[PDB]
Structures are given as C-alpha cells and as structure tokens.
C-alpha cells in the first residue's frame, strides 16, 4: 500500500513470522534461552551492527539514505561493546565467536552498502526499529531466565538512551522513509531486501540452534 512502510510490512509478513517461529527465537521469546545462547545472540548483534553502522557512515550523505540517518538516536555498536565486555570478559574481542551465519549476514550488509546503498534502508529499518520495538520485552526475559548479578552492565543494547519516546521516533522514521523518492522498480528491490534481512536472521537462528544442540 502507498506508504513504503506499509508495503514492506505486507510483503514481509510471511518471513517475519518465520523469523519469530524459528526455533531459537521461538524459545527465546518463550523464555527458553541459556547463557550460551544469549551470548551467541549478543556476539551476533555486535558483528551485524558493526557492519551495518560501518555502511551507514559510508552512505549517510547519499540522497537514498540521509533521510533515515539518525546516528545519535540509534547507534548500537558502542552499547554492544560494553555488553560483550561483560558477557565475554576483558578480552572479548579475541574470544567472541564469528560463525559462518554471522559472516554471510555481514557480507550481505557490506555488499549492499558498497554497491546498492538504496537497499540499506531495508536493513536499517527492520534492524533498528525491530530491535527498538521488541527490546524491553526481550530484556525482561533475559533478566528472568539468566539471573545476572546486580552488575549494572550486560543489557545496554536493550536501551536506546537518546530516544525519549519509541513511538514518536518510529513515527518520524517511517515518515522519512515513506517520503523517500524511489522508483516502483527501486521500491521492489527494497521490499525484496527487507525479505533478505529476515531470511538472514532465520539462517542465523538456525545455526545458533544447531551450535547449542551439538556442543
């Protein structure tokens, strides 16, 4: 439907559902997550955001991405750095895993950011706004299921400090994205890449599940 944000939601409803029904995520959402599994998602998110934010910076001035460029409100890399230092210790950077499923997610981000910046919006929208909207619920599940100490660290990723109202921010983001000048042909590629984003998360979930069950 007219608005890109609406068309995107309709065409990805199927894969979005498959993403949430993916075993690993399904369990996490049901409160079934382990420290090992949670550490894997956090490490995964770090690699994803590092690559995504790297590509955003390279394209922040392009007419195709500038409208959805909100560095202070959304950057997550720094937050994940604080979090990984807690979950993996002081030497996290040389200990966190970087699996094949994480690698191809990163690869795709770099591909899009370097040659087709017009599609970066598909990843940024689903990743940022998706994480922003589901964070508080996932955070509580994490706290309950993992029983961490009153360390004051480990879940910074789940709080977007520079966004007062998640609802008002999403309204603004969709507005910028919905008023983005794009061809019905370019528009189709973007919707298709939104699909790619969800599919990349599904293959990641499938791998993390496999890793945990066979270690």
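Numbering follows the first chain given and starts at 1.
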- Query: If you average the CA temperature factors over each stretch, which comes out higher, 84-92 or 100-108?
  - Reply: 84-92
- Note on the structure: Entry B factor averaged over C-alpha atoms, 152-160 against 172-180: higher for 172-180
- Message: Sorting by Cα B-factor within the chain, modelled residues only, which third would residue 114 end up in: lowest, middle or highest?
- Response: highest
- Query: Comparing residue 32 with the other modelled residues of its chain, is its CA B-factor in the lowest, middle or highest third?
  - Reply: highest
- Note on the structure: Of the three thirds of the chain ranked by Cα temperature factor, residue 44 occupies the lowest
- In terms of the chain's CA B-factor thirds, is residue 133 lowest, middle or highest? middle
- Note on the structure: Here the Cα B-factor of residue 8, set against its chain, lands in the third termed highest
